[PDB]
Amino acid sequence: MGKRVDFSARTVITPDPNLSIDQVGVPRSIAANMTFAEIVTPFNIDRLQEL
Amino acid sequence: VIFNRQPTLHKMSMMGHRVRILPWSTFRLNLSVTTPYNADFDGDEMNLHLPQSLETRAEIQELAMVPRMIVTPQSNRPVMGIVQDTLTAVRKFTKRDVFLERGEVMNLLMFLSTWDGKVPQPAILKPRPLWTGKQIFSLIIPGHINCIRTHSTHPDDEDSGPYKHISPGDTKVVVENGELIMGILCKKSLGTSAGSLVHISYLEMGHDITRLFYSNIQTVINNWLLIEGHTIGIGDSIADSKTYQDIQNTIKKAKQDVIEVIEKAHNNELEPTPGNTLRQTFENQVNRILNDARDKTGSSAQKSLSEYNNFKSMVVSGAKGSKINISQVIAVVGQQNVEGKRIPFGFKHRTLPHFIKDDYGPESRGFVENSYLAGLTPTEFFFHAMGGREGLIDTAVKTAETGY
Amino acid sequence: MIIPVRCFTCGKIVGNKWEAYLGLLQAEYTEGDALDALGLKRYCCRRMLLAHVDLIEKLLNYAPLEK
Amino acid sequence: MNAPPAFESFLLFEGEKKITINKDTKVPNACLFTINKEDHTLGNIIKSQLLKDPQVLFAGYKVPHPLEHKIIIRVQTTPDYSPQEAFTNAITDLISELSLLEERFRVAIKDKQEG
Amino acid sequence: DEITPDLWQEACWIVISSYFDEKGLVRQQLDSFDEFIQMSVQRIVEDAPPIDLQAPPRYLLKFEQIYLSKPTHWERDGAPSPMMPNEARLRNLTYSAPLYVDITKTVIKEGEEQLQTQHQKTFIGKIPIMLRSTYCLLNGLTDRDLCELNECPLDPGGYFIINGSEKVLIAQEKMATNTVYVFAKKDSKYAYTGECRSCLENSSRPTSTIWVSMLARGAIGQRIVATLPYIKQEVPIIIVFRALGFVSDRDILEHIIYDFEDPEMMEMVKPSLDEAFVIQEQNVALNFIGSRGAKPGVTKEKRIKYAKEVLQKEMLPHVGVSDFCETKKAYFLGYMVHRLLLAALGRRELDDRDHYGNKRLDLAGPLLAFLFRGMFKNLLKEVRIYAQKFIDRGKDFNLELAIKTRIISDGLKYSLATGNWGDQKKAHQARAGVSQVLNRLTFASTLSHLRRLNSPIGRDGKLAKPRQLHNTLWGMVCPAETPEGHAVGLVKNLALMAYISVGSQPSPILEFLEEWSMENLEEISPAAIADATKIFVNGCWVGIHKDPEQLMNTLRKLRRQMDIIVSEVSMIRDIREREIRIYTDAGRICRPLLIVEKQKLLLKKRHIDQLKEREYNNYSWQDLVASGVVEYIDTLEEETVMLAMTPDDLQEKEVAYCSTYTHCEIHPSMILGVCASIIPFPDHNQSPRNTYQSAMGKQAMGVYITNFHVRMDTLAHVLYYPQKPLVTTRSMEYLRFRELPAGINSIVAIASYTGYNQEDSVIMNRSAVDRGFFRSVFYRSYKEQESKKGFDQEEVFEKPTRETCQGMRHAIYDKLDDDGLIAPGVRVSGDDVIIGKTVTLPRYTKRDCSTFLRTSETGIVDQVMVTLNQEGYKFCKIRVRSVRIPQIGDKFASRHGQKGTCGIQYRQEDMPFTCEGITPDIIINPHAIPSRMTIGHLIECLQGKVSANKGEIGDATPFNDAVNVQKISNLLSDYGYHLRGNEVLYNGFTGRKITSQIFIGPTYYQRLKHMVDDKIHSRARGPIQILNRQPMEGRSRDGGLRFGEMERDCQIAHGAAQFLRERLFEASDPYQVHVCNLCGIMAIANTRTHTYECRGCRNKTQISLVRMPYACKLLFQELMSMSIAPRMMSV
Amino acid sequence: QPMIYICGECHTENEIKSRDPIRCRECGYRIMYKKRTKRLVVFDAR
Amino acid sequence: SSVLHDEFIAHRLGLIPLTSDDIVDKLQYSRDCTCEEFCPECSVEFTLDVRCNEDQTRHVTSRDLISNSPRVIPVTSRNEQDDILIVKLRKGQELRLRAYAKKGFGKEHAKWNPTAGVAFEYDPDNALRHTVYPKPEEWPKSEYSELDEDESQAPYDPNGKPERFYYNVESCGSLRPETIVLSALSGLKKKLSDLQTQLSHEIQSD
Ligand SMILES: [Mg+2]
Ligand SMILES: [Zn+2]
Ligand SMILES: [Zn+2]
Ligand SMILES: [Zn+2]
Ligand SMILES: [Zn+2]
């Protein structure tokens, strides 16, 4: 019913008046640790090769 | 991503957010979206979950995104509203005597995302061009929504007499065609209640427009508050000598009243009321006297406040605090209760060893006749600690049963 | 543990004033008059000298690691 | 762990432009100047100098995020004038003002040390 | 002669300082341990019975004397050397001293062939020693001597060092013993129950509880019963009285009812008599008791013997366990019945379970005594078996080999090391939470942990009554300091002048009462008890008296003269009920108070004069107590005391409140504890705020101890520039907060500036932080040891190599030396190696077992220590040093519950400034004040502005009428500032004035241990658990975050089924099984050869692949383990 | 190669090889400390 | 061997002001220097070598910071005010280090901030009403005020603008206060000049 999961992060929260309500400000280390598996296509072949 | 805070009580405790990468090592949140999470920044931590497929990403983007989460099905009202600084500041900003200069107005218009680039004609052209705070909030307000509200300080006998549609106090909020025609905005107009501007924006305009409305209120109002400023200090906790004399006279009269009731009970000149024993009737009379004293002193303190008082500013806007807090800071902290009754005789017929036996007076049984600025006496301090321990125990014991 | 170099608020140098401050205090100055003699006029620098606890003097009661 | 180097507020990253001009399409004769690695120090003076130009209809600036190190200055002028020309003249006027202020401060220092 | 009011604030605090010069803050711990070593161990050894063993020759083996030497340590060569506590901390030794016992073995065979052989100083065990106790090597040492030994002179002691770990014994609350308590349970068969947890003076058995209850109404009337120990059936009280030799009903009611003119008591006891008339003689009553027992002897003889033994030993041991005590036991049981009847008749109040006069604090001494009794009994048992197996062969034996000293040593060491208070075998019946690891995060945390009390009611209990702040905690327990989590009200803290009594023998008091006009209980006639006053001593009714008033006067005079009655003896005269209860036992929390004459203090000005020159004429606190000027009053004697809050209460007033006071407070602020005594103006805050600060002063950074350079603590935070508060209370002078402060005075502005301080957050000055503002250093110690446990496999510190080591990570080992240990001064990043350890195999003949850094730390090696542990293999400790500069997300707090994280940091040009260019160090939001009502924060800010501008330290002592806000404002207006602490500030970005004048000034802020860098964590396909293939738990394990049941429910409400499946299936534990389409049970798949078959159905074609969580496969297999057939049917 | 250590009590520089009990040769004290490395660690004075 | 760890000493040395009057304009930023890590064109070498052999505590002060450049020295060491205290040493303790000083400003670190307070004020009598005193009588008068004592604030000026700004620039020691002001004006002017150069390149590139 509940379990531990991958692709999760946790840290202290902080105010930021300059984010929209639907935005979350994320550290670069959390974002560098966490990844999203994006499928390659001719639409994104160049960008994904760059990455 | 899904952004979550524990305990996850309702569906608004896990909402979808768009990631914005920023330098330091904390999760940075907008301040309107803190009330849904029940989150403050005193060391709270939150959980970020990254969906790992286009299907889950589309699911979160079309179901759980924060703008789609503005109105809750629990109580058919907004779940997030305008909050502390932005609410005190929008209250101060939409007052009738807020006049902005050309440079200040351009500074604020820099922070409107939904601005058509047209400077509005100032409300005052001569002797010097001046825009009003309502005139800029009218630019913040989206679409052509129409809304009627009333500022918290709206007198109840104003809608009957004349001046119903021209309010002397600038209460009676009226937004027409997306312009704040009149009124001071506050919790009642921008908070999480039903029929407020944020609710009507979400119902008439979409969730996207309402998202921008939240963001624009916050940015414009915070950058204006950089000019106006908001604070609180000792001077806001102080009252004039007349108010102090009135409060002390009220307390002295209340203590003499309680002494009279005690003397009546001691002489068997007190007869019980239907449905209560003599002890309970005496307790009811004493508690009524002391509650009357607390309320009268609180009213004295409240009327003593100026328009510049920052406690009154935050209470009026609804940003934080209540009139009882002002009364306890200025007038009197009042009766301390343990299990809904006065301080019990924990010693033998005594609340403390500093009192005589069988002393049902107000100070013996836990009436704090001082304010927080005046400072509590040692017995008032201990009784207040007892009353506060009751709240701590309640907060720490209700959680298991409510969660179960 | 040791007197800061600068005032945290303004950045005025207070590192060279601790010893003079103590010498003025043993000269039967009041703390306020001593702080006035050293030229600490902003209450931030007066905070720096007046609230300092010289813990290094207690850390020097322990013999070092090498003789 | 996540602390940016303190020089990133002042130093331009390789391939990053100091200033970028983008036409504002909402109203005519308006431009957005995105200036990297500057802050309120130049933004406020440039804005206030632009407000002294009667041919400038709008002059504002913002630091979109304090943790980021750029400013955006929006300038709208009258149709016969240009926001780029207004921005240039504002910088020229600020430079001349500061040169005059520097020379006069040198003179005042010389007078004070001499008598 | 009299101390006038204008001098009082000095005099009282002078008195208070003298107290803390005499006692300290951990006096209860040291006195408890000292009494345990001086008295309790000897009493336990002597109270054990001599073990008489014989086949013939016989041996008694009587233990007669104990000797506890100083703490020593035995090396492998065996040379005893004096071991210093710091050496114990560094080497992971146990700071214990050897206990030797004198043994006397006399041979007695026949013919008066007697000869005694005495073994002087037989090593019986090792006892861990509390630091700074009398038997500690740091006892009586000067500060220079302690610094010579690398000890902090401010270290209070009061703790043990077990295996290098500092362990502190928490005082445990318990109901007092030998006292009758009449309660009334609403949901029970009994209307009223009078219990008495009885325990003999020198403990040898547990508390034997006896109940005397009344059956709830609905045969004819209310029957009184008695639930005796070791008997599983209620017994009528009359039966018990007859079993004690009182058969006549007149005698029984003489013992129960002392006033025969009272028919109410009579008719209420009559049902019990009517129920017991068939039994009318002692032997029959004893037979009835034995029959109702759980071991009913078939023959009435052994039944009667068993009943005799129970009624003589288990029933009311405190009254006396010898024979011929039936009269005392009858009188006491009659008193229990009398108390029950008084409660049932409404003539007495039910006793309050929460009254601290009814409680006792089980301190280090009496707790170690419980352990020592159990352990010495086990030791004597083992000696009995060992000696028996030898004398059965008819030959002598060596007691030195009979005494296996590991019992006492390992028992005390284990119990103090783990906290499980009890035998190691009974690890579940044992009660944990005793003996916790001493908190060394800040000096206040250490002091509070050493003054910590515990109510073992159980955190699971949701009844608020034991958690409530009782009235009787006044002066004994801090009203504020308590954890706000699940242990609200259960974990408590001593008030500053609170002293837990250590215990004393009632012998001199009883002897004086004998010489005085008291009449013993066996010599009187019951008819005298009516008008006379009972006298109880430690719960035992010892006699009666005729003039209780002048008896109390005599006893109070005796205690105030330091005569036969010692200071800690409580003497309560209840007047309405004529008892006089005297208590000498341990665990009674009490506090000192100023005695009051007719309406005057006995503390004259001469005492203050002699106290002022305390350092010359050696006139101390004890001389103040001996002068009869001060008195220790316990919670139970406070009920009979009339206190004056201040000597101003003793003034004659227009309407006198009392005019008959007996004592006075030394100062009311002493009701607070260690951490609440740091709050300035706590009487101007809401009390929850004071509790939250009392909890948060313990996470504040500072200098936790002066000798931190030599300690190899696992975690330690030291602040670069600790400051004493500009605004302080007069109690911190004794907490040593001025010598080891835990914060910095920050120019704080309460303002709304840019919105980055909203909702309990702060804006800090980046320029101040650059100047060392709230900078700290974090010290982390790693320990390692190379074990040569056997020739099969041995570890060793040596620089590993890629050609010989097998489990060698890709991280580089170049930072290590040839000894395998990194050197100090080497900068080490996350995942780096600090100790190169290799273990011999059964990538050949040695595997890598190196110690890495805890990931994502990035410190510098502070130092490396190498030594030998107790058994003697090489042992290393490496302290790594990491500078923590405050940043966004670090938690800060004032002393008023005002906590918050750093929202953003602005440079000095970006912060708002006053006309004189002062920028705030911190900016906090005004919205944190109104709901919280932390007016103490504002008064402290204003007082701190006055203090900084005046060159003084503000006095924020709680209840001080010489300091109010108007005086502080008038003082501040003299320094050219707005009297209310406001200033015109300018916007740092634009330089324009802020329309609203901001409230700014110095406030003492604290940096708390909770830094964001120790909390930030992320995961993307890391390690998984072995049992269920799910992410690990924790940052340290690189674990994943729990998507719990409530998150599942939230996403169900959202309707996000694919996200729910991603979180609960695909991001946690994806798995595949092969199922038989016929029986639905997991089949056998062989994907390499592609052969799938179900052994059950004997098919190999109808198999299906099922994608299920691994936890669900594990569940179904654990159900098949239970003979359940969960058949996953795919059709 | 030498790995010279310092004594915690006598502060004596003494060489100890591997597989040797940790004992100071001057006073027999059992706790030793490593000396500061010779490697070059750099600090930004910030 | 001192009781303060290495980063403590380093941080403490960074905050010692060094006379920068004529040398700061000549030195280059190490970013701009075409040398290796260091050279005399972009940096100044300091050496400190102290050992407490005597029984009294040795005060390692800024006087012990020996420089290779005579022009760039600790301010207190310049030829009264005592020397800044780096660390106190006990007999047998020793501190030997080698520092390099660089060119920077307060945006990067407060140690490169030359000011010990910049008092800035305008409109001492609240004539523009940029502040709104709830009780103007309660507030003390500015040192630059020109009002009789009965008058609390100046009459409101509707046509007024902030002019006449008052400054008190206090120097930490590195630069002279007038050198701080002149260098500030020059630096602001060069910021604007560089901005105009980049502006011209952006305009002409379009
Ligand atoms: Mg929180
Ligand atoms: Zn300063
Ligand atoms: Zn099958
Ligand atoms: Zn040695
Ligand atoms: Zn160079």
# chains A, B, ... in the order shown; residues from 1 in each chain; ligands from 1

$ closest_atom_pairs --of "chain F" --to "chain E" --cutoff "9 Å" --atoms "only C-alpha atoms" --output "tab-separated table"
residue	atom	partner	partner_atom	distance
F:1	CA	E:818	CA	6.6
F:2	CA	E:818	CA	8.9
F:3	CA	E:819	CA	7.1
F:5	CA	E:866	CA	8.9
F:8	CA	E:865	CA	8.9
F:17	CA	E:819	CA	8.0
F:18	CA	E:819	CA	6.5
F:19	CA	E:796	CA	8.6
F:20	CA	E:874	CA	8.8
F:21	CA	E:874	CA	7.3
F:22	CA	E:867	CA	5.7
F:23	CA	E:867	CA	8.1
F:30	CA	E:867	CA	5.5
F:31	CA	E:867	CA	4.6
F:32	CA	E:866	CA	5.2
F:33	CA	E:865	CA	4.5
F:34	CA	E:864	CA	5.5
F:35	CA	E:824	CA	6.8
F:36	CA	E:824	CA	4.9
F:37	CA	E:823	CA	5.4
F:38	CA	E:825	CA	8.4
F:39	CA	E:826	CA	7.1
F:40	CA	E:826	CA	8.4
F:41	CA	E:826	CA	6.9
F:46	CA	E:770	CA	6.5

$ residues_near_ligand --ligand "ligand 4" --cutoff "7 Å" --atoms "only C-alpha atoms and all ligand atoms" --output "MDAnalysis selection string"
chainID F and resid 7:12 24:29

$ residues_near_ligand --ligand "ligand 1" --cutoff "9 Å" --atoms "only C-alpha atoms and all ligand atoms" --output "list in words"
residues 38, 39, 40, 41, 42, 43, 44 and 45 of chain B; 759, 760 and 900 of chain E

$ write_last_selection --atoms "C-alpha atoms" --output "compact mmCIF listing (two decimals), in the first residue's frame"
# COMPACT_ATOMS: atom_id res chain seq x y z
CA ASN B 38 -0.02 23.49 5.48
CA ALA B 39 3.63 24.39 5.02
CA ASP B 40 5.67 27.10 6.70
CA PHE B 41 9.40 27.72 6.45
CA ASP B 42 10.45 26.83 10.01
CA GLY B 43 12.47 23.84 8.85
CA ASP B 44 9.75 22.03 6.92
CA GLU B 45 10.91 19.59 4.27
CA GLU E 759 5.95 32.32 6.97
CA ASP E 760 8.64 31.83 9.60
CA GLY E 900 12.83 30.05 10.77

$ residues_near_ligand --ligand "ligand 3" --cutoff "6 Å" --atoms "only C-alpha atoms and all ligand atoms" --output "MDAnalysis selection string"
chainID E and resid 1076 1078:1079 1094 1096:1097

$ residues_around --residues "region 167-170 of chain G" --least-positions-apart "4" --cutoff "7 Å" --atoms "only C-alpha atoms" --output "list in words"
residues 115, 116, 117, 118, 119, 120, 121 and 177 of chain G

$ residues_around --residues "region 270-282 of chain B" --least-positions-apart "6" --cutoff "8 Å" --atoms "only C-alpha atoms" --output "number ranges by chain"
B: 261-262, 264

$ write_last_selection --atoms "N, CA and C atoms" --output "compact mmCIF listing (two decimals), in the first residue's frame"
# COMPACT_ATOMS: atom_id res chain seq x y z
N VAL B 261 -19.56 38.17 44.70
CA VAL B 261 -20.16 36.86 44.48
C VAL B 261 -19.62 35.86 45.50
N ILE B 262 -18.33 35.95 45.81
CA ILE B 262 -17.74 35.07 46.82
C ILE B 262 -18.38 35.31 48.17
N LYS B 264 -21.35 36.52 48.77
CA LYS B 264 -22.71 35.98 48.72
C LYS B 264 -22.70 34.47 48.94

$ closest_residue --among "B:390, B:156, B:179, B:369" --to "chain E" --atoms "only C-alpha atoms"
B:390

$ residues_near_ligand --ligand "ligand 5" --cutoff "6 Å" --atoms "only C-alpha atoms and all ligand atoms" --output "MDAnalysis selection string"
chainID G and resid 30 33 35 38:39 41:42

$ write_last_selection --atoms "N, CA and C atoms" --output "mmCIF file, in the first residue's frame"
data_model
loop_
_atom_site.group_PDB
_atom_site.id
_atom_site.type_symbol
_atom_site.label_atom_id
_atom_site.label_comp_id
_atom_site.auth_asym_id
_atom_site.auth_seq_id
_atom_site.Cartn_x
_atom_site.Cartn_y
_atom_site.Cartn_z
ATOM 1 N N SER G 30 43.214 38.541 -11.190
ATOM 2 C CA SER G 30 43.832 37.296 -11.629
ATOM 3 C C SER G 30 43.090 36.683 -12.807
ATOM 4 N N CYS G 33 44.975 38.641 -15.564
ATOM 5 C CA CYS G 33 46.410 38.434 -15.662
ATOM 6 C C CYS G 33 46.708 37.241 -16.563
ATOM 7 N N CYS G 35 49.339 35.446 -16.423
ATOM 8 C CA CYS G 35 50.341 34.648 -15.741
ATOM 9 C C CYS G 35 49.732 33.330 -15.271
ATOM 10 N N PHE G 38 49.716 32.973 -9.846
ATOM 11 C CA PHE G 38 50.081 34.248 -9.235
ATOM 12 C C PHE G 38 51.220 34.913 -9.987
ATOM 13 N N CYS G 39 51.334 36.216 -9.767
ATOM 14 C CA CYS G 39 52.453 37.026 -10.220
ATOM 15 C C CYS G 39 52.366 38.375 -9.519
ATOM 16 N N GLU G 41 52.024 41.198 -10.709
ATOM 17 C CA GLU G 41 51.137 42.134 -11.391
ATOM 18 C C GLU G 41 49.681 42.001 -10.964
ATOM 19 N N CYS G 42 49.299 40.880 -10.349
ATOM 20 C CA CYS G 42 47.914 40.637 -9.970
ATOM 21 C C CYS G 42 47.760 40.219 -8.515
#

$ residues_near_ligand --ligand "ligand 2" --cutoff "7 Å" --atoms "only C-alpha atoms and all ligand atoms" --output "tab-separated table (two decimals) with N, CA, C and O atoms, in the first residue's frame"
chain	number	residue	atom	x	y	z
C	7	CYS	N	33.35	44.21	12.47
C	7	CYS	CA	31.98	44.19	12.94
C	7	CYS	C	31.11	43.50	11.90
C	7	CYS	O	31.20	43.79	10.71
C	8	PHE	N	30.28	42.56	12.35
C	8	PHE	CA	29.45	41.80	11.42
C	8	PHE	C	28.54	42.70	10.61
C	8	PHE	O	28.23	42.40	9.46
C	9	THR	N	28.11	43.82	11.19
C	9	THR	CA	27.11	44.66	10.55
C	9	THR	C	27.74	45.63	9.56
C	9	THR	O	27.42	45.61	8.37
C	10	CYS	N	28.63	46.49	10.04
C	10	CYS	CA	29.19	47.55	9.21
C	10	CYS	C	30.50	47.14	8.55
C	10	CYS	O	30.79	47.60	7.44
C	11	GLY	N	31.28	46.28	9.20
C	11	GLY	CA	32.59	45.93	8.72
C	11	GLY	C	33.71	46.76	9.31
C	11	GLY	O	34.83	46.71	8.80
C	12	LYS	N	33.43	47.52	10.36
C	12	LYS	CA	34.48	48.22	11.08
C	12	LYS	C	35.38	47.22	11.78
C	12	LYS	O	34.92	46.20	12.29
C	42	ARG	N	28.58	53.28	16.76
C	42	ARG	CA	27.41	52.53	16.34
C	42	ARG	C	27.18	51.37	17.29
C	42	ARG	O	28.13	50.69	17.69
C	43	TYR	N	25.92	51.14	17.64
C	43	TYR	CA	25.64	50.09	18.62
C	43	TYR	C	25.95	48.69	18.09
C	43	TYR	O	26.00	47.76	18.89
C	44	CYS	N	26.18	48.53	16.79
C	44	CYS	CA	26.65	47.25	16.27
C	44	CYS	C	28.07	46.93	16.74
C	44	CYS	O	28.36	45.81	17.18
C	45	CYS	N	28.97	47.90	16.67
C	45	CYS	CA	30.34	47.64	17.10
C	45	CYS	C	30.43	47.56	18.62
C	45	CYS	O	31.23	46.80	19.18

$ closest_atom_pairs --of "chain B" --to "chain E" --cutoff "7 Å" --atoms "only C-alpha atoms" --output "tab-separated table"
residue	atom	partner	partner_atom	distance
B:8	CA	E:1046	CA	5.7
B:10	CA	E:1050	CA	6.1
B:11	CA	E:1050	CA	4.8
B:24	CA	E:888	CA	6.6
B:25	CA	E:1016	CA	7.0
B:26	CA	E:889	CA	5.9
B:40	CA	E:759	CA	5.2
B:41	CA	E:760	CA	5.2
B:42	CA	E:900	CA	4.1
B:43	CA	E:901	CA	6.0
B:51	CA	E:1059	CA	6.9
B:56	CA	E:1059	CA	5.0
B:59	CA	E:1056	CA	6.3
B:63	CA	E:1054	CA	6.8
B:64	CA	E:1054	CA	6.7
B:84	CA	E:927	CA	6.7
B:85	CA	E:752	CA	6.6
B:222	CA	E:754	CA	6.0
B:223	CA	E:754	CA	6.8
B:226	CA	E:753	CA	6.0
B:227	CA	E:994	CA	5.4
B:228	CA	E:995	CA	4.8
B:229	CA	E:996	CA	5.3
B:230	CA	E:752	CA	5.2
B:231	CA	E:751	CA	4.5
B:232	CA	E:926	CA	5.4
B:233	CA	E:999	CA	5.4
B:234	CA	E:980	CA	5.6
B:235	CA	E:980	CA	5.2
B:311	CA	E:930	CA	6.5
B:320	CA	E:927	CA	6.0
B:321	CA	E:931	CA	4.5
B:325	CA	E:931	CA	6.4
B:329	CA	E:933	CA	6.7
B:346	CA	E:471	CA	5.0
B:347	CA	E:639	CA	5.9
B:348	CA	E:639	CA	6.2
B:351	CA	E:471	CA	6.2
B:352	CA	E:471	CA	6.4
B:353	CA	E:643	CA	5.6
B:354	CA	E:643	CA	4.7
B:356	CA	E:658	CA	6.8
B:372	CA	E:684	CA	4.4
B:373	CA	E:684	CA	5.8
B:375	CA	E:684	CA	4.8
B:376	CA	E:683	CA	5.0
B:377	CA	E:959	CA	6.2
B:378	CA	E:668	CA	6.1
B:381	CA	E:683	CA	6.1
B:382	CA	E:479	CA	6.5
B:384	CA	E:687	CA	6.5
B:385	CA	E:687	CA	5.2
B:386	CA	E:469	CA	5.3
B:388	CA	E:687	CA	5.7
B:389	CA	E:468	CA	6.4
B:390	CA	E:468	CA	6.6
B:392	CA	E:484	CA	6.8
B:393	CA	E:488	CA	6.1
B:396	CA	E:486	CA	6.1
B:397	CA	E:462	CA	6.0

$ closest_atom_pairs --of "chain D" --to "chain G" --cutoff "10 Å" --atoms "only C-alpha atoms" --output "CSV"
residue,atom,partner,partner_atom,distance
D:5,CA,G:108,CA,8.4
D:6,CA,G:108,CA,4.8
D:7,CA,G:108,CA,5.5
D:8,CA,G:108,CA,8.6
D:9,CA,G:107,CA,7.5
D:10,CA,G:107,CA,7.5
D:11,CA,G:31,CA,9.9
D:17,CA,G:198,CA,8.4
D:18,CA,G:198,CA,6.6
D:19,CA,G:199,CA,6.5
D:20,CA,G:202,CA,6.9
D:21,CA,G:202,CA,7.2
D:33,CA,G:199,CA,9.4
D:35,CA,G:195,CA,8.7
D:38,CA,G:191,CA,9.3
D:41,CA,G:188,CA,8.7
D:42,CA,G:192,CA,7.6
D:45,CA,G:192,CA,10.0
D:46,CA,G:192,CA,9.2
D:84,CA,G:203,CA,7.4
D:85,CA,G:203,CA,9.4
D:87,CA,G:199,CA,8.7
D:88,CA,G:196,CA,6.7
D:89,CA,G:196,CA,9.6
D:90,CA,G:196,CA,9.8
D:91,CA,G:192,CA,6.3
D:92,CA,G:196,CA,8.0
D:94,CA,G:192,CA,7.7
D:95,CA,G:189,CA,5.6
D:96,CA,G:189,CA,8.7
D:97,CA,G:189,CA,9.2
D:98,CA,G:185,CA,6.3
D:99,CA,G:189,CA,7.4
D:100,CA,G:185,CA,9.9
D:101,CA,G:185,CA,7.8
D:102,CA,G:185,CA,6.1
D:103,CA,G:182,CA,9.0
D:105,CA,G:182,CA,7.5
D:106,CA,G:182,CA,7.6
D:109,CA,G:178,CA,7.3

$ write_last_selection --atoms "C-alpha atoms" --output "compact mmCIF listing (two decimals), in the first residue's frame"
# COMPACT_ATOMS: atom_id res chain seq x y z
CA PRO D 5 30.69 31.21 -6.74
CA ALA D 6 30.43 34.82 -5.66
CA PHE D 7 31.96 36.05 -8.93
CA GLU D 8 28.96 34.74 -10.90
CA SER D 9 27.07 37.91 -9.92
CA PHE D 10 29.67 40.08 -11.71
CA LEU D 11 31.32 37.90 -14.37
CA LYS D 17 25.92 38.68 -23.93
CA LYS D 18 26.19 41.65 -21.60
CA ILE D 19 23.06 43.24 -23.06
CA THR D 20 20.32 41.96 -25.37
CA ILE D 21 17.68 44.12 -27.05
CA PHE D 33 17.00 45.42 -22.55
CA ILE D 35 21.42 43.15 -19.10
CA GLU D 38 24.15 43.75 -13.35
CA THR D 41 23.05 49.69 -9.05
CA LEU D 42 22.89 50.35 -12.80
CA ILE D 45 20.19 55.01 -12.39
CA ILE D 46 19.44 54.07 -15.99
CA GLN D 84 17.79 52.32 -28.10
CA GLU D 85 18.56 56.00 -28.65
CA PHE D 87 18.98 54.20 -23.53
CA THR D 88 22.18 55.45 -25.18
CA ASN D 89 21.45 59.06 -24.25
CA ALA D 90 20.63 58.03 -20.68
CA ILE D 91 23.98 56.29 -20.34
CA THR D 92 25.78 59.27 -21.90
CA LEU D 94 24.87 59.48 -16.50
CA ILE D 95 28.51 59.31 -17.59
CA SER D 96 28.71 63.09 -17.98
CA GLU D 97 27.03 63.59 -14.60
CA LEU D 98 29.47 61.23 -12.91
CA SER D 99 32.46 62.87 -14.61
CA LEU D 100 31.31 66.28 -13.40
CA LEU D 101 30.63 64.91 -9.92
CA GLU D 102 34.11 63.35 -9.82
CA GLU D 103 35.84 66.55 -10.90
CA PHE D 105 34.62 66.09 -5.60
CA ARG D 106 38.31 66.34 -6.46
CA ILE D 109 38.82 67.54 -1.49
